[PDB]
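What the coordinates show
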Amino acid sequence: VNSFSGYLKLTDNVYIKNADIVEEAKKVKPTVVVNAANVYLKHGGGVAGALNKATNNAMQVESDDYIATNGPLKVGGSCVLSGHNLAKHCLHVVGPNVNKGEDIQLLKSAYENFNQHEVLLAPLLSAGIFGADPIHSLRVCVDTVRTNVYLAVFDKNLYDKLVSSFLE
Ligand SMILES: [Cl-]
């Protein structure tokens, strides 16, 4: 388990790779994979949809059962559900959706969820459909997360921008 290879160490506890999170989960066998969740755990798009498709919809079936009994998450919150075939656990984390007017401040709360897990495979929170500046997201990750985080960024141009930004 947790066989991370070819990462670039940014800080003592934050690592980055130009890779697909689904392919990483299959290769690494992480204890924890982070999902870029929404409050209703509806995994139709973005990273959530890629993770769910890689579980052959088992993540969505479990999520729908969870929500019907347990209610929604909060923005900046998390829950731990099964990792199915991808990981032991999936930490579903809700970053703010700034495209929909949610407070970017909540990205700090979102990343604080990572500190309950010693090592995580994760995407950049509030990227993509959530609309936040990826350079900002990496800074909040570095400033907030104290446990070991392995970030997978699949877009090569974005990866290059993040690494260039970080090394300034
Ligand atoms: Cl390195």
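The residue numbering used throughout counts from 1 along each chain in the order its sequence is written. It may not match the entry numbering, and residues with no coordinates are not shown. The basis for the side-chain values is all heavy atoms of the structure; hydrogens and waters are excluded.

Deposited coordinates in this entry are attributed by the record to X-ray crystallography, at a stated resolution of 1.3500 Å.

Let's talk about the layout of surface pockets
Where empty space is left becomes clear once a probe the size of a water molecule has been rolled over the atoms. To be explicit about the condition: Cavity means a closed set of points on a 1 Å grid over the protein atoms alone, one where a 1.4 Å probe fits but cannot get out, pocket means an open set with protein on both sides within 12 Å along at least 5 of 7 lines, and lining means a residue has an atom within 4 Å of a point. Grid points are joined across faces, edges and corners, and a volume is the space filled by probe spheres set on the points. Each helix corresponds to a stretch of at least 4 residues labelled H or I by DSSP, and each strand to a stretch of at least 2 residues labelled E; elements are numbered beginning at the N terminus. Amino acid classes used here: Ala, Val, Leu, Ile, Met, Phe, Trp, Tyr, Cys and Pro are nonpolar; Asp, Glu, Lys and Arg are charged; the rest, including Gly, are polar.
Looking at the largest pocket, its volume works out to about 390 Å³. As for the largest pocket, its lining consists of 20 residues, and the residues nearest its centre are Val47, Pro123, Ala127, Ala152 and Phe154. It is helix α2 (residues 46-54) that provides the largest number of residues to the lining of the largest pocket, a total of 3 residues. When the residues that make up the lining of the largest pocket are grouped by side-chain class, the tally is 15 nonpolar, 3 polar and 2 charged.

With respect to the nonpolar core
The condition that has to hold: Buried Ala, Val, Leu, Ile, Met, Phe, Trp, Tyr and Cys residues form a nonpolar core when they are joined through side-chain atoms within 4.5 Å. Classification of residues uses two cut-offs on accessible area relative to the type maximum, computed with a 1.4 Å probe and protein chains only: under 20% is buried, over 50% is exposed, and between them is partly exposed. Throughout, a residue-residue contact means that at least one pair of heavy atoms, one from each residue, lies within 4.5 Å.
Membership of the largest hydrophobic core comes to 27 residues, with the highest contact counts inside it found for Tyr111 and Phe114. Elements supplying a minimum of two residues to this core: β2 (14-17), β3 (32-36), β5 (89-93), α4 (106-112), β6 (119-122), α5 (134-144), β7 (148-152) and α6 (156-166). Top element by residues in this core is α5. It accounts for 5 residues. The contact partners of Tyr111, leaving out residues within four places of it in the chain, are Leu124, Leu125, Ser137, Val140, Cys141, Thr144 and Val145. Membership of the second largest hydrophobic core comes to 18 residues, among which are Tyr15, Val22, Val28 and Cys90.

What about α5?
Rules: Residues adjacent in sequence count toward polar contacts only when both atoms are side-chain atoms; beyond that, a polar contact is any pair of N or O atoms within 3.5 Å, and within protein one must be able to donate a hydrogen and the other to accept it.
For α5, a buried count of 8 out of 11 residues is recorded, marking the element as mostly surrounded by other parts of the structure. What α5 keeps buried is the set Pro134, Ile135, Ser137, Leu138, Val140, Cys141, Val142 and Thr144. Its side-chain oxygen at 3.2 Å from the backbone nitrogen of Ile135, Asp133 defines the N-terminal cap of α5.

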